[PDB]
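Beneath this line is the structure, given in structure tokens, with notes to follow.
Chain identifiers are assigned alphabetically (A, B, ...) following the order of the sequence lines, protein sequences preceding nucleic acid strands; residue numbering begins at 1 within each chain. No hydrogens, no waters, no symmetry mates; every other heavy atom, side chains included, goes into these values. First listed ligand is number 1; within each ligand, the first listed atom is number 1.
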Amino acid sequence: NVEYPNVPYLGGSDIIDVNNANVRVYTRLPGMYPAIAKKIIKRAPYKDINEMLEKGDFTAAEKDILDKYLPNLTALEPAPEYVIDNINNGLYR
Amino acid sequence: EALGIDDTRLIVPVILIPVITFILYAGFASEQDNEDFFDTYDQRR
Amino acid sequence: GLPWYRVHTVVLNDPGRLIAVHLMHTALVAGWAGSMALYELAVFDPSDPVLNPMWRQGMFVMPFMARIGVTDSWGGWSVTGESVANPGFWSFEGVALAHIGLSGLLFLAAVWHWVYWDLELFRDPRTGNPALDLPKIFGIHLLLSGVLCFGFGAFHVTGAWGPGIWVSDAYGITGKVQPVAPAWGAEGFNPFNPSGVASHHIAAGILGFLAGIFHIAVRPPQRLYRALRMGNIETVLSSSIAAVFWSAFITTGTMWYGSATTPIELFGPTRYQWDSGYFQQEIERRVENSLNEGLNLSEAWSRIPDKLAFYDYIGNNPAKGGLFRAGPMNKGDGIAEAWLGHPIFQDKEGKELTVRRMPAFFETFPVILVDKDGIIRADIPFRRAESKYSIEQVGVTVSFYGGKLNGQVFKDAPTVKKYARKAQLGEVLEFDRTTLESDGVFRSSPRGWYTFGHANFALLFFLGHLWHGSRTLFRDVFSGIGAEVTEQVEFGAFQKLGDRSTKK
Amino acid sequence: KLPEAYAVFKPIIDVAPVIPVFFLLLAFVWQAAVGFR
Amino acid sequence: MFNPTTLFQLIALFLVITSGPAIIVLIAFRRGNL
Amino acid sequence: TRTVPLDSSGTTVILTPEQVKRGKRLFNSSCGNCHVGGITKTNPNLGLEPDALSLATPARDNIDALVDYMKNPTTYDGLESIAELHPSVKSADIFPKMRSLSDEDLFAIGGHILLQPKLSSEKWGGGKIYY
Amino acid sequence: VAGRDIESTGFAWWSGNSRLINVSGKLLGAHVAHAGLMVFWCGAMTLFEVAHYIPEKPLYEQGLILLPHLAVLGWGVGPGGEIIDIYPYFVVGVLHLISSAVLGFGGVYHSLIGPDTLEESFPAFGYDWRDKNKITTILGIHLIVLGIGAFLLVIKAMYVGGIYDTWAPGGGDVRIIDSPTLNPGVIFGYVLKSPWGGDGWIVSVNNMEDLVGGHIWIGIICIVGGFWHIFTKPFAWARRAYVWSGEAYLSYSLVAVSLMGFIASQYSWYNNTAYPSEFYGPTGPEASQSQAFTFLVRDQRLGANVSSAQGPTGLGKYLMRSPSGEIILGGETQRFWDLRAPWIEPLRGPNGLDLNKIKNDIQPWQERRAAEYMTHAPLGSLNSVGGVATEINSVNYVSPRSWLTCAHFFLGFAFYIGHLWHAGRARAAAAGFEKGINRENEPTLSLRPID
Amino acid sequence: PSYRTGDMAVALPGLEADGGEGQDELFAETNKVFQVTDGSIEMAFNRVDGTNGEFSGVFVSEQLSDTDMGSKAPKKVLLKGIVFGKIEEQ
Ligand code: CLA
Ligand code: CLA
Ligand SMILES: CC1=CCCC(C)(C)[C@H]1/C=C/C(C)=C/C=C/C(C)=C/C=C/C=C(C)/C=C/C=C(C)/C=C/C1=C(C)CCCC1(C)C
Ligand SMILES: CC1=CCCC(C)(C)[C@H]1/C=C/C(C)=C/C=C/C(C)=C/C=C/C=C(C)/C=C/C=C(C)/C=C/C1=C(C)CCCC1(C)C
Ligand SMILES: CC1=CCCC(C)(C)[C@H]1/C=C/C(C)=C/C=C/C(C)=C/C=C/C=C(C)/C=C/C=C(C)/C=C/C1=C(C)CCCC1(C)C
């Protein structure tokens, strides 16, 4: 769409929004790729962060990484234009 | 698929038309002399 | 028989019918001038000279009428925006009707000279053949042109007996026809000094008058007569075409680059005023001077005239049009209604941002916002790409100072994107689109169209000059060569090439 | 790599492929020597 | 500068490039049917 | 420049020009087909840009980390090994071009990888945009 | 000296080989010397590629085109396309070099000091171009020689060590071909197959059994036809049809070998059976499908549902549907869905790629092959820079398939041009107006005006 | 889902100068909206295999067509074909 206010969190800022961003934005955070982020993208829709921490099948070390990356991580309303492109998104460089 | 032929009715014209053209050409050739020559080409028609 | 491309060579040795066809061409040109003026008066809108001047409406001969005095109309209006109670005869309509009558008179004269071709004046008293004493004719015409140039520059331009020429200020705000005193120093060769016009015409008229006296008085040398083929009129044609395309190149340059003879209130601004930020620098200087007097931004930007902000706009750039985007400039972006004011773009932290202006090369330019340092702080994505510095993310807000939207602050993203896309083009204006059904692609000014037409005409007349010089210097071998060429083309047969007396 | 018994003859093997081009140039030189009769 | 592999390259190239012209020159010296 | 970090503590080593040239040649011969320009043609989510190497577990912004990756490559998280998929001296039988690289060769390759961000900056790992 | 100038032959120095048309012995010398040149290039380039061979890199990464030709035939090749010994390549090169010395001596002898015309000294070898019987005898002898060569290939493939079959289970190995396809239906349905996409005419031979069986057929046909031409003279229709002169025969050969050049270029570009990708490298279709297949594997293994991933246009991003209804790889590689490769056919069901076999039946060597082929795609430049034309000068790779295909397409077109030139001149010289129009009797002046 | 996946009138720079209202006539075409329409599927099983988990029959589908990302009216599509599936262990 022409107008979309919830797109500084698709990799343009520090805070990363789930269920609307590609797997490439988890490469900025060490230890969040290609593991962990796979669990985030597979079970995409979340209400907030705690829903991701509970519904995701995260092991204790993965939970330690999640505890390492609380503040640069959020969960907003899902947009189907970005849900369908959370694995490839057409970016390759 | 030989010669792109999938139906056997397609073979009837492909074989038949050259036969008729060969019949006309064979009349023409039977009108000819048809003995060997020693030249680059045959000037007899 | 004659080919189709040689049908006019029948008047080459017929002076009476040569004068007749010249009269017919002159009548056609004068009639075109009159009819073009009448059509432009039919399609001209004199209501708003500030935001809809004559160059926005595609007027072509109206600028040339307004350049040297004719500014009023019988309808009661002037191109300066004033009201004229008593227009007088020499209005736009008066000039057009005078040109139509002149065309008719020249047409009748052409008829007479075509019928009465065998005048005794055109026959040589010595030989009896139809001949023209071209050097003395050139002397007479040079004397006449010197008299006309001196009179124009001494009475018309100076206002001694005449209206003067169009003189504007440095930024095209207050321009009118004024008497012009000549400048005889080196400052008369400043092309943006209108005093140079008067001084040039006076001095060149005097020199041309003296040279015409000389050319009437003195016969040409035999070496120059044989070398330049002065008995043949095609050398006159060749040299005249050469001088004409020289003059066409000169006028093309002075139109494109601008001079005092091509003011921006008649032909529009130049592309180099947009490239250098001429009007932008002037507007910023005025705003800074008003801010130094204790005014706030609203009062400083409200003091900027609408004409000055209208000049600082890329739609008025002559280098933004198209070859086949025909029509007036109002057929493009539209008819300008109002100046919306200067947009100032602020992010969520209050830092000011300026949209980078579109260069004249680019049909489309990406919308990017830079800070005072020059770093990209916000932009608009291309069409649908994932973004990092978008307008919605940075939260860019735009506040307008001056103009119609003075004091208003827009914070919603679609409006901010719209106004940033407008500010990419320069000053933000309001355009009317339903009057002429404007498509939305920029069109060139009369300055640009004049430059295009006359550059191409000069380039083609260079070829014409080459052709006629060739036909002049090679008249004896026009239909081909003979058997006297075979001996000359032998290598080393003669010492000097082409000379039979230098045989080895 | 060549076998070590013949590895010292590598430069000749490197020169060898372009020799037919030298044969073409040799034909041209031979025609130059007879004056292109 | 001086490499035995490069030296042998240049020697072999010189012999190859001068064998044929040597044939032509020697045939021209013996006044053969060149 | 010729000075790249060596250890994870902050130790730096000054590379000889012969090492730089040999590392450039070996990187263009053994890694170029998949790491032209500092990017990855087969996994474009990761690259040889210093930000991607530094923000990794373990961080590959030093000589020893790069040599260890060339000896035992792991995933970006580090828990899973990719020695079957990525060339390594452990998998030199899998990838035949690795069988000629020694420890000094890996040292030169790592020095070239660390040395390129300081040569024509923003073009190493920036893809076709910075060409 | 008469016969070697323009005053005695009518041909200039730049057309001096046409002075050999009626000089049979010197023509034989020229042909034998040229054969020596060809064998010399074979030996010299074979030894050059042996000397430049790096045991670590594959054959297609080193710019070698003759070592792959020997690797097809099973010399020094282990299982999986591994080059284990290059000594037989050296043997081939040295044998060709010595044979080229012999052939060059023969060519020089017959060109310079042998008899100019063989028709009086050795009548069994002398000939006239207009004598159809002797020319057909020579043609039959050469046909039987070619049949013997084809049977040499057959003997190599069936008895002497075998040839490299890239379709052998496990990843390809040198295999004795014991049951060649002698069925004329298959062999001549290859010949009558369409040359367009999905069929490929005879470029689409996908197993060594068909190759060996049809080479048996070619040898039998060539030998039978050679004896046929040794014992017969052309029929009356053939005598009326063709021009009987040396230049006409040359033009016929030129068009035949031009067609062969085109066909070999397409063999090198598309076929991966007679041109295995372990040696010549992957084809363009093979490289694109390798890239798509490796991405498919990396997304099926690392958590991405490839069969339900909608692309940017609503089509398949990884797996899509073919125009004939099969499951093929999605993306821009959908045009290359006709690819058959030994590393993908075990993973291919009756409806295309079987998803269950993709997720279950992958052998690791197929992973290695697909990971190797996806990087060295046949895209290069004349200055040998790898990748697309918008790449930097750091990759040095142009595929041998590209070199062979471009060179032989160039030569096929050039020899079609030569065929047209020589056929036109043969007709004009037979009719007798190859030197220009006769001024005394111009054919056009004796015709009625056309309008 | 929409037929296509994921802000200017690039053609007309003079259209975005009108003042206050620029390129707003060509806004719905510019605003490519990802629209997820809904549909209903009804399938019946004509024959069911007992040895395996296979079933066969016909299906009737009703859904919407391309929206041009929210630029054209979605026409409803009626699809009546055949269906097959296997039921086994999860
Ligand atoms: C494949 C290349 C090739 C071959 C095999 C031939 C062969 C021949 N050409 Mg020829 N030619 C060629 C290319 C070739 N040409 C090209 C490219 C041109 C254009 C420049 C010509 C132009 C040309 C003309 C104008 C004429 C010939 C003629 C001849 C014939 C007589 C040769 C002669 O008397 O030379 C004598 C040459 C020499 C004595 C010097 C060369 C000595 C040898 C051959 C050099 C090579 C030796 C070798 C390196 C050592 C091998 C020995 C072995 C033991 C290892 C001969 C059959 C003539 C002909 O038609 O005769 C009737 C003739 O008039 N040619
Ligand atoms: C088996 C192949 C073969 C054979 C035996 C011949 C034999 C002959 N040709 Mg021939 N030809 C061939 C292939 C062949 N050609 C091909 C493929 C072409 C198309 C390019 C031609 C084009 C051709 C022409 C145009 C002519 C001959 C001529 C001749 C006769 C004299 C040749 C001579 O003295 O050369 C002397 C050799 C040279 C001077 C060396 C020249 C080296 C060239 C310039 C290298 C550059 C080639 C260039 C890159 C190719 C262009 C691109 C291509 C696509 C066209 C002789 C009967 C001539 C003749 O009189 O016929 C009776 C003649 O005029 N041929
Ligand atoms: C399309 C085209 C071709 C390529 C070049 C270019 C792109 C520039 C473009 C230019 C085309 C050209 C050359 C157009 C020419 C237009 C012209 C010459 C128009 C002129 C028309 C003349 C007119 C009305 C004259 C009217 C005069 C009248 C009643 C006089 C009447 C009278 C007479 C006859 C006797 C006395 C009394 C009175 C009343 C005065
Ligand atoms: C045994 C050994 C172990 C490992 C090392 C090593 C590789 C060196 C190897 C050594 C191999 C050796 C010594 C091979 C010997 C090779 C030889 C002598 C090759 C030469 C063959 C000669 C040839 C074709 C010549 C043919 C003649 C031609 C065209 C003449 C054509 C022409 C003539 C007839 C008229 C004029 C125009 C022209 C074009 C010149
Ligand atoms: C099956 C397969 C897999 C891989 C390897 C293997 C060799 C086995 C391969 C092929 C095996 C076989 C049996 C291949 C057979 C190929 C054949 C029969 C090729 C023959 C092509 C015939 C051609 C051009 C004919 C050309 C003649 C033409 C136009 C006409 C000539 C003339 C006539 C007769 C009519 C008028 C015009 C003219 C010029 C006077």
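The contact set between ligand 5 and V191(G), taken as ligand atoms under 4.0 Å from a residue heavy atom, comprises 12 (C), 14 (C), 15 (C). Per-residue contacts place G16(G) under 4.0 angstrom from the following atoms of ligand 2 (heavy atoms of the residue considered): 34 (O). Of all atoms in ligand 2, numbered sequentially from 1 with element shown, those under 4.0 Å from a heavy atom of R425(G) are 62 (C). Numbered from 1 in the order shown, with element, the atoms of ligand 2 that lie under 4.0 Å from a heavy atom of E247(G) read 62 (C). Proximity to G418(G) (heavy-atom distance under 4.0 Å) selects the following atoms of ligand 2: 16 (C), 17 (C), 18 (C), 19 (C), 21 (C).
Of the charged side-chain nitrogens involved, none lies within less than 4.0 Å of a carboxylate oxygen, so that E247(G) and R427(G) do not count as a salt-bridged pair. The pair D42(B)-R239(G) fails the salt-bridge criterion, with no side-chain N (NZ, NE, NH1 or NH2) lying under 4.0 Å from an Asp/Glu carboxylate O. The existence of a salt bridge linking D5(G) and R19(G) is excluded, since no basic side-chain nitrogen approaches an acidic carboxylate oxygen closer than 4.0 Å.
Checked by atom type and distance alone, the side chain of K156(G) pairs as donor or acceptor with a backbone atom of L73(G) at under 3.5 Å. At distances below 3.5 Å, at least one donor-acceptor pair connects side-chain atoms of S103(C) with backbone N or O atoms of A27(C). Panel note: side chain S277(G), backbone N272(G); no donor-acceptor pair is recorded below 3.5 Å. Remark: the backbone N or O of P318(C) is not paired with any side-chain donor or acceptor of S445(C) at under 3.5 angstrom. Between the side chain of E40(C) and the backbone N or O of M62(C) there is at least one donor-acceptor pair closer than 3.5 Å. With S268(G) contributing its side chain and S265(G) its backbone, the two residues share no donor-acceptor pair below 3.5 Å.
Not one N or O of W13(G) is nearer than 3.5 Å to an N or O of ligand 2, by distance alone.
For atom 30 (C) of ligand 3, the choice among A30(C), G453(C), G104(C) with the nearest heavy atom turns out to be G104(C). Comparing heavy-atom distances from atom 28 (C) of ligand 3 across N456(C), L106(C), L105(C), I100(C) singles out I100(C) as nearest. Between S253(G), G246(G), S18(G), it is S18(G) that holds the heavy atom closest to atom 31 (C) of ligand 2.
For atom 5 (C) of ligand 3, the protein comes within 4.0 Å by no heavy atom at all. For atom 33 (C) of ligand 3, the nearest protein heavy atom lies under 4.0 Å away. Protein heavy atoms are found less than 4.0 angstrom from atom 33 (C) of ligand 2. Protein heavy atoms come within 4.0 Å of atom 1 (C) of ligand 5. Within a 4.0 Å radius of atom 8 (C) of ligand 2, the protein contributes one or more non-hydrogen atoms. Within a 4.0 Å radius of atom 40 (C) of ligand 3, the protein contributes one or more non-hydrogen atoms. For atom 42 (C) of ligand 2, the protein comes within 4.0 Å by no heavy atom at all. Within 4.0 Å of atom 63 (C) of ligand 2, at least one protein heavy atom is present. Put simply, atom 16 (C) of ligand 2 has protein non-hydrogen atoms near it, under 4.0 Å away. Counting only heavy atoms, the protein gets under 4.0 Å from atom 19 (C) of ligand 3. Closer than 4.0 Å to atom 23 (C) of ligand 5 lies none of the heavy atoms of the protein. Atom 59 (C) of ligand 2 lies below 4.0 Å from at least one non-hydrogen atom of the protein. Put simply, atom 9 (C) of ligand 3 has no protein non-hydrogen atoms near it, under 4.0 Å away. Taking a distance limit of 4.0 Å, we find that atom 22 (C) of ligand 2 is approached by no protein heavy atom. Checking atom 14 (C) of ligand 3 against the protein gives no heavy-atom contact under 4.0 Å. Protein heavy atoms all stay at least 4.0 Å away from atom 46 (C) of ligand 2. Distance screen at 4.0 Å: atom 36 (C) of ligand 5 has no protein heavy-atom neighbour inside the cut-off.
Remark: distances from the non-hydrogen atoms of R19(G) to ligand 2 are all 4.0 Å or more. The shortest heavy-atom distance from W217(G) to ligand 5 is not under 4.0 Å.
A side-chain donor-acceptor contact under 3.5 Å links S18(G) and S15(G). Remark: the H69(G) side chain and the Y280(G) side chain contain an N/O donor-acceptor pair separated by less than 3.5 Å. Side-chain polar atoms of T136(G) and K233(G) form no donor-acceptor pair below 3.5 angstrom. In summary, the side chains of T181(G) and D210(G) do present a donor paired with an acceptor at a separation below 3.5 Å, with no hydrogens or angles considered. Counted by atom type alone, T273(G) and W167(G) present one or more donor-acceptor pairs between their side chains at under 3.5 Å.
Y41(B) is not listed as a side-chain neighbour of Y242(G), based on a closest heavy-atom distance of 4.5 Å or more.
Contacts between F415(G) and ligand 2 below 4.0 angstrom, taking non-hydrogen atoms only, involve backbone and side chain alike. At a heavy-atom distance under 4.0 Å, only side-chain atoms of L254(G), from C-beta outward, approach ligand 2. Under 4.0 Å from ligand 3, the heavy atoms of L108(C) that appear belong solely to its side chain. Counting heavy atoms closer than 4.0 Å to ligand 2, residue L20(G) contributes nothing at all. The proximity of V186(G) to ligand 5, defined as any non-hydrogen pair under 4.0 Å, does not occur for either the backbone or the side chain.
The protein atom (non-hydrogen) at minimum distance from atom 53 (C) of ligand 2 is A414(G) CB, 4.0 Å. Ranking the protein heavy atoms by distance from atom 35 (O) of ligand 2 puts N17(G) ND2, 3.5 Å first.
For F28(B) and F22(B), the ring centers are positioned 6.0 Å apart or more. Between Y267(G) and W269(G), the ring centre distance reaches or exceeds 6.0 Å. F409(G) and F262(G) have their aromatic ring centers within a separation under 6.0 angstrom.
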Practice task
Mind running side-chain contact (heavy atoms from CB on, under 4.5 Å) on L106(C) and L28(C) for me, showing each step along the way?
Solution key: CA-CA 9 Å; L106(C) 294 166; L28(C) 287 177; over 6 Å; no
(request) Under the side-chain contact (heavy atoms from CB on, under 4.5 Å) rule, what do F60(C) and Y450(C) come out as? Steps first, then yes or no, please. (result) CA-CA 8 Å; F60(C) 184 52; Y450(C) 183 97; 3.9 Å; yes
